[PDB]
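**Student:** Can you look at this? It's an experimental structure, sequence on top.
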Amino acid sequence: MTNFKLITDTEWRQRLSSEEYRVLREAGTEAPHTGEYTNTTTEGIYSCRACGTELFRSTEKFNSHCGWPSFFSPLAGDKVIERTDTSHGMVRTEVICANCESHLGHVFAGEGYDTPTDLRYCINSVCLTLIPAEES
Ligand SMILES: [Zn+2]
């Protein structure tokens, strides 16, 4: 749970997937089907491949399986940070990992999903790690 910013480039390469390295570093992209080990059969807790934080949990998850699915409020917002970017006359809320710059995903508000947050998080697209809660 140490500061990931101090990590060297080599450590990052030998820490996570090649796609995760560029994607996490500068939000290079978020294209799935880049890893055969990626498994989402069990529905538990989402975990950043970079560190393994509980970014998202099934409690606010509304989907079975999809390349770019939508979610509701994360575990507690402690594992992820939401910030807006005034790129132009309009701004966008980028989703990042509280432990690393996981600016690979974005979240939209006012989607109308009849939820307390009414957010549409579009992440879990670059081979994110799934934690099997139980599903017994
Ligand atoms: Zn992370």
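**Tutor:** Thanks, I have it. Numbering: from 1, shown residues only.
**Student:** Contact partners for the residue positioned nearest the centre of the chain?
**Tutor:** Nearest to the mean C-alpha position of the chain, by Cα atoms, centre = their mean, lies residue 123 at 4.6 Å. By Cβ atoms under 8 Å, 6 or more residues apart in numbering, the contact set of residue 123 is 30, 46, 55-56, 71, 95, 102, 104-105. Where C-beta positions appear, they are placed from N, C-alpha and C, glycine not excepted.
**Student:** Between these, which sits nearest the ion?
**Tutor:** Among the contacts of residue 123, residue 102 lies closest to the ion (Cβ to the ion), at 5.0 Å.
**Student:** With adjacent residues omitted, what lies nearest to the closest one?
**Tutor:** residue 96 (5.1 Å; Cβ to Cβ, 6 or more residues apart in numbering).
**Student:** for the one you found, helix, strand, or coil?
**Tutor:** Here residue 96 is strand, with the state taken from DSSP: H, G, I helix; E, B strand; the rest coil.
**Student:** wait, it sits on residue 79?
**Tutor:** No: under the criterion of Cβ atoms under 8 Å, residue 96 lies out of contact with residue 79, with a separation of 10.5 Å.
**Student:** State which helix of the protein is the longest.
**Tutor:** Ordering each helix of the chain by length in residues (DSSP state H) puts helix 18-26 first.
**Student:** check whether that one contacts the ion.
**Tutor:** No: using Cβ under 5 Å from the ion, helix 18-26 never reaches the ion; the gap is at least 7.2 Å.
**Student:** do stretch 127-135 as well
**Tutor:** No: Stretch 127-135 does not reach the ion (Cβ under 5 Å from the ion); its nearest approach is 9.3 Å.
**Student:** buried residues in that stretch?
**Tutor:** For stretch 127-135, a neighbour-count test (16 or more other Cβ atoms under 10 Å) marks 127-130 as buried.
**Student:** ok, and what's touching stretch 125-134?
**Tutor:** Residues contacting stretch 125-134 (Cβ under 8 Å, 6+ apart): 17, 19-20, 23, 29-32, 34-35, 37-40, 42-49, 52, 54-55, 58, 67-68, 104-105.
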